[PDB]
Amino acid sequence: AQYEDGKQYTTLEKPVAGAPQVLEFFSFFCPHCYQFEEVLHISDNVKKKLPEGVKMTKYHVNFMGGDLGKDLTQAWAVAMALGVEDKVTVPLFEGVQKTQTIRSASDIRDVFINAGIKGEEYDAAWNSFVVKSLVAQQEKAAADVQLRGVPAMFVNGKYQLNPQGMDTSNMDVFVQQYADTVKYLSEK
């Protein structure tokens, strides 16, 4: 067939019950995730092609970057709680991987301050149990699928995107194939 298990996607041998519809995982340390987000814009183009009533969830992971990697998962929780993902994603990726100016939790905080989040608001969120709950949700979701590589995208806790079965001679074609596969899987 045109889409086949083991090709554009794989099937989870143990399907995850109650999982978000479209679940993306990434790390601000992850060089391929930088490409996916800053160059290819995977999330946006997927989000874009999604059917109506299909929600998209994106979570950070801990297993890259040690202590700072864990700080970044908490900061992504702050980003989600405040609703400022579209303001901090670019400067977080560039601070970690382009300028390499992000070396501490304080450097992370600087990115939010510069993006216009007030110091008091960041700190209250950072220290909040709402954010601790959001950290826990990110860890649980990754745990549910034995997650050990990023970038990754899962559909309905059953299917895992497989970009390795896609041509990358043209970036735009790769992206739309990826997006159309997510759409196909969400309709499945």
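In this text, the rigid core denotes the largest set of C-alpha atoms whose superposition between the two forms falls within 1.5 Å. Note that residue numbering follows the sequence shown and begins at 1.
Of 19-27 and 167-175, which departs more from this form in 5 other deposited structures of this protein by CA RMS after core fitting: Between the two stretches, 167-175 moves farther in 5 other deposited structures of this protein.
52-60 against 28-36 - segment lying farther from this form in 5 other deposited structures of this protein (CA RMS, rigid core fit): Of 28-36 and 52-60, the stretch deviating more in 5 other deposited structures of this protein is 52-60.
Between 64-72 and 45-53 (mean CA B-factor, as deposited), the higher: The stretch with the larger average C-alpha B-factor is 45-53.
Stretch exceeding the other in mean C-alpha B-factor - 154-162, 133-141: Here the higher of the two C-alpha B-factor means belongs to 154-162.
Chain thirds of CA B-factor: placement of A81: Highest third of the chain for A81's C-alpha B-factor.
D180 - Cα temperature factor, lowest/middle/highest third of chain: Its C-alpha B-factor, which the entry lists for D180, ranks in the middle third among residues of this chain.
Within-chain third of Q35 by Cα B-factor, per the entry: CA B-factor rank for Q35: lowest third.
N127 by Cα B-factor - lowest, middle or highest third of the modelled chain: Middle third.
Chain thirds of CA B-factor: placement of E24: Within its chain, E24 is a lowest-third residue by C-alpha B-factor, going by the deposited values.
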